[PDB]
Amino acid sequence: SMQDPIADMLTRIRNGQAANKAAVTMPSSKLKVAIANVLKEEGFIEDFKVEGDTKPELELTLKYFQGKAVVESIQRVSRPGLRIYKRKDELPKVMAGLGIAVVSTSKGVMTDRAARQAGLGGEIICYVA
Amino acid sequence: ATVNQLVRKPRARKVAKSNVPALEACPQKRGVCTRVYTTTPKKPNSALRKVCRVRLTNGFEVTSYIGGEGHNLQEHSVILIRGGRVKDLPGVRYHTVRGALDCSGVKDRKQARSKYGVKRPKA
Amino acid sequence: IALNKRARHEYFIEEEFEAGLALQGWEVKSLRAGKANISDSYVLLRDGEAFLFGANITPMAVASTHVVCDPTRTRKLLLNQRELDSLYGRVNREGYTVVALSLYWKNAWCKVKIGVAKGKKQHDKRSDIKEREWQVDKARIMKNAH
RNA sequence: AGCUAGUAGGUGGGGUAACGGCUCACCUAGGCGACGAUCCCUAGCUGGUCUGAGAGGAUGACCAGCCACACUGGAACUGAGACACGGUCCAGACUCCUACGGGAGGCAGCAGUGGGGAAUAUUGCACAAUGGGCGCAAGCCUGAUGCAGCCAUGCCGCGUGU
RNA sequence: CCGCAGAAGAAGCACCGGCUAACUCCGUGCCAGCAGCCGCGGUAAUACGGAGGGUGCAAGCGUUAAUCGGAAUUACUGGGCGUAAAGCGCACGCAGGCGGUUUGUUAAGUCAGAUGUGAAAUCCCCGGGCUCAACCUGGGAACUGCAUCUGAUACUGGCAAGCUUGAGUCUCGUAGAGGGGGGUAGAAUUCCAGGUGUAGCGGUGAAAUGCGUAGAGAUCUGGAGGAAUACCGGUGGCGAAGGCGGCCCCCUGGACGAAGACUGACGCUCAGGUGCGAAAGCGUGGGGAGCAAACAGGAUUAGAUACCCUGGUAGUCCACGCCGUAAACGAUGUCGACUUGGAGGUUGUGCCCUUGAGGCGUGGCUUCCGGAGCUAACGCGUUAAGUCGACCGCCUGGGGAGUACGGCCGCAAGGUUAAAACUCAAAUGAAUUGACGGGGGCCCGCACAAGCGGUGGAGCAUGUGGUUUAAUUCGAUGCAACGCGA
RNA sequence: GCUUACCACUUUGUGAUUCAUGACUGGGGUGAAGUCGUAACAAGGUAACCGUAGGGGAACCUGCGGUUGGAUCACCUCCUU
RNA sequence: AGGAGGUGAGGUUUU
Ligand SMILES: [Mg+2]
Ligand SMILES: [Mg+2]
Ligand SMILES: [Mg+2]
Ligand SMILES: [Mg+2]
Ligand SMILES: [Mg+2]
Ligand SMILES: [Mg+2]
Ligand SMILES: [Mg+2]
Ligand SMILES: [Mg+2]
Ligand SMILES: [Mg+2]
Ligand SMILES: [Mg+2]
Ligand SMILES: [Mg+2]
Ligand SMILES: [Mg+2]
Ligand SMILES: [Mg+2]
Ligand SMILES: [Mg+2]
Ligand SMILES: [Mg+2]
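Heads up: the protein sequence lines correspond to chains X, B and D, in order.
Numbering-wise, full-length UniProt numbering comes out as the position in the first sequence, counting from 1, plus 1.
Numbering-wise, full-length UniProt numbering comes out as the position in the second sequence, counting from 1, plus 1.
Numbering-wise, full-length UniProt numbering comes out as the position in the third sequence, counting from 1, plus 13.
This is the structure in structure tokens:
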């Protein structure tokens, strides 16, 4: 049933953007908060806050530069049905450097440019633009 | 469409039959016409058409259309078939190379001499 | 019976008689068997009492491997004097066009069963003519392209 | 959709230039198979070539590496190196010669002929150069090779004029 | 290479209506003929044959043969499954695929660095020589591959520990045509027996077959037998689907609601496999009131094998098995999360001044409209055809064809898997206009209905068709031709 | 020289697969609309379609289960909208 | 628009 938390998080984010919701809440995890941090580094969202101890709840606030949503496209890449791994320099660059292809590497979670600067690679979580 | 389904049974390509199976990947075939006659055409082009049934060297008998106005073709004729189908004749998918050991070019024809066998006249 | 299915489906035959025709040895000896091509014989006015036209000679293997026998050869209809001028007048101002229908035999003569058929009108091409006009207009209106 | 019992392994002998059921005697009754075993059809493989921006699809023209083959099949010997492409033995077909007592042959080498096909070459010259094998060596030969002939079969260039 | 006379010795093919670069004439007249398609050619062909003239390549031009591309038309990059081809009829489940949250540890998948190697040849880049080129050649890169040594621990995974947030059990109830068996009540129909009772009954748009003075039909009494349960009963409920409908009892499954306690990922989806599976049909033994395949008789029609009528067997009913096919449909596979809403039906529950049936709501099933969004549109729209993830199945132009053969199952009828040869260049789906409907609604008509008088019956004249001749010149053919041209 | 075992080829008997042929027979496609009826597209004049059984010279017809991928709505009377 | 009040199909299939 619940086969991928990351895909569910991306779907909830996209649905909140479509519905113009200000904040979206979900269960939290280390990978989820890492993805939230890597998104907030590039400022695709306002801020993420995780509350609670027995049931850790993460709530992310969506940015709105105008009526149009700040994030237009977001697509899961490394799905449980097919894992994706690229080389050191063969990571994809979405929209020729406009947007981030979130990648979890040996050191940790980072973006495509950070991975290229650090000279390593990993799995491509999702494209965001 | 599922990746697991594709892995368990790879997506295969559909075979496509050749429009001239009797040629067997050969540019031309030689045979002798078992019969030479005329066949009634389809609805719109009621113009009479000339055909011959010829049994090739491969043991298959095929019907081939005859081009030009006036044909130098008969039975017991060593002919040459090149391929090509006419949508106006039902069940006809072959063409005869007029000018191959038992046929002359179109009489009194001065155009498309290469395509109709005739050599270029001196004058 | 050589019913001439074209002249049967279109413009039913109305008048006919029995007469032979003149031919050489090349285009003969196969009409005795029956093979022929007499579908919609275009018999027109000839000074020699409307010489047989239209129908060709049978493609039977009687060829000298040069031609069948005669790609175009004279074929003569038979009438003493009854239908030269009358046939011209009928074709001119009646609409009846005489065509050959069948090849009956007295066991010796291949009889020209010519039938005087009515000239039937063409199908209404008033749609395809406009389609062709629109096609040529489309081909011509491609000027403003650079 | 089941196959296999010399088949899976072990214990010892023999055999191989060396490992090994390669083989023998005994014992254990396993081994392989849904990742396709067994069986049927097809197929020389690769570097590469064509078509494609790419992933892909087709194929193995020329050349190079490897494999297998030498009328079909079986077997062995010599030789370090073969079950031998112009060594040997034998079964079968075919062909040829014979004095009718009896013998020879295998162009998938160069050419060339008969047949097939839509369709494809001269029965040339030379060891002149390289290479090959033999030999003190000069030197022998090489249809490898190089050159020559025909074909517009494909690529390129020039000319029929200003 | 130098001299030798003279341009003197050397151009063809295809096409010319759009795709595609190119226009005129002559002749034939759906004929002859061109073609890859669209499509030409029915007296005026830039399309056919020829001629003239233009265009595209050129010692080479066209046809044909094979691969890919355009074909995103097998799509992994890069398709779809409600109506075009496509969700198995439904459920269980193995191998298999994937998998909630946290910690430690392994280095397996993954990432980084280094080594060897990826024969040469060939593609490519920088250069060079053949009059430049074709061709040859030097150097370099590449050949994305493979194995090895050491690190990285974010993710997937191996191992060891945990958690409830998923998944199940227990407590208490709620609703339910959920399933099976055994009894039981009434209405109605048929039949039998009894009484009264006469010329008709039955039936159709109309008639007749059919029954009937032997006493029918009709009306009161009693009895026999089979099927289904009028109302409640409802876009109501239950069940995985099919399906389930008087009442009672027995055995029993499933769903939801209330928190609480417990195990703690035990989970999701499945090829093969297993079970259920409307109706019809088949076998065995009963039963049969009505209904009625097939069949018989009477109607209709030009004929009726059928819709009209009277009979009428199998079956419809029960018990055990076989068959496993349906428009088995929500034409929409199962599971998990998110996304505006408006009105509803039914159930549980807290809750409020229960002031009353009402008020604030909340959970389980279901109906309609509808926003964003999606779709070719119709339309889906919190029960998505929307946003995504996990898995299985299915589709690749139509007919042939879910057909033959082969395999398996079944007593049989048959069911499952499942093609090719051949043929066509379309097949199809949504939607618009018109037309049509022995479709509906509305309004009109010497049109219908109501009256009055005419033709076809008789004589004569005018025109036409048929015949005839030397012509019976010729033109027109329902309304809209026929004392018409005239 | 004799002989034993291993084959290879040949022969016999019995099987399996494939091809061609085969008197005859069944179904399909194309062409003519030639013959016959009108089953479907409208309420196609008996609404069809799907499953299944039976019948007919055939399109089809009838018996039982299911769907709207069908039509008027209400030729009158009511009362709710 | 909640429930039941009824017509009118033997009278034409082809092109
Ligand atoms: Mg040993
Ligand atoms: Mg081979
Ligand atoms: Mg030799
Ligand atoms: Mg491509
Ligand atoms: Mg492709
Ligand atoms: Mg598609
Ligand atoms: Mg469909
Ligand atoms: Mg379903
Ligand atoms: Mg089915
Ligand atoms: Mg009855
Ligand atoms: Mg279905
Ligand atoms: Mg809606
Ligand atoms: Mg097909
Ligand atoms: Mg079948
Ligand atoms: Mg009808």
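In this text, a Cβ means the ideal position worked out from N, Cα and C, and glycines have one as well.
Using beta carbons (cut-off 8 Å, strictly below), is residue i in contact with chain B?
i, result
"D/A74", "yes"
"D/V56", "no"
"D/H79", "yes"
"D/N93", "no"
"D/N157", "no"
"D/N17", "no"
"D/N120", "no"
"D/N105", "no"
For residue i, collect the residues of the same chain with a Cβ closer than 8 Å to its Cβ; drop the 5 residues on either side in sequence, then sort them by chain order.
i, result
"D/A130", "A20, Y24, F25, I26, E27, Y109, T110, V111, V112"
"X/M3", "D9"
"D/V75", "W39, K42, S43, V81, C82"
What are the boundary residues of the beta strand (DSSP E) that residue i is part of?
i, result
"X/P6", "Not the beta strand (DSSP E): X/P6 falls in the alpha helix (DSSP H), residues 6-19."
"X/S105", "101-106"
"D/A121", "D/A121 -> no beta strand (DSSP E), and no H or E assigned at all."
"B/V107", "Where B/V107 is concerned, there is no enclosing beta strand (DSSP E), given that its DSSP letter is neither H nor E."
"B/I67", "Counting along the chain, B/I67 falls outside any beta strand (DSSP E), and DSSP gives it neither H nor E."
"B/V33", "30-40"
"B/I82", "79-82"
Any beta carbon of chain D sitting closer than 8 Å to that of residue i?
i, result
"B/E62", "no"
"B/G106", "no"
"B/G71", "yes"
"B/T39", "yes"
"B/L49", "yes"
"B/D109", "no"
"B/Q75", "yes"
"B/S65", "no"
"B/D89", "no"
"B/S78", "yes"
So, for residue i: in the same chain, excluding its five sequence neighbours on each side, which residues have a beta-carbon less than 7 Å away from its beta-carbon?
i, result
"X/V78", "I85, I125, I126, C127, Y128"
"B/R94", "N20, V21, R86"
"X/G120", "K89"
"D/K124", "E31, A32, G33, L116, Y117, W118"
"X/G17", "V25, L63"
"X/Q76", "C127, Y128"
Tell me which same chain residues have a C-beta within less than 6 Å of the C-beta of residue i, skipping the five on either side of it?
i, result
"B/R83", "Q29, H96, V98"
"B/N46", "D89"
"D/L57", "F66"
"X/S74", "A130"
"D/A68", "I51, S54, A113"
Assuming residue i is part of the alpha helix (DSSP H), what are its boundary residues?
i, result
"X/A24", "Counting along the chain, X/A24 falls outside any alpha helix (DSSP H), though it belongs to the beta strand (DSSP E) covering 24-28."
"D/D141", "141-153"
"X/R114", "113-119"
"X/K50", "Where X/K50 is concerned, there is no enclosing alpha helix (DSSP H), although the beta strand (DSSP E) it sits in stretches over 46-52."
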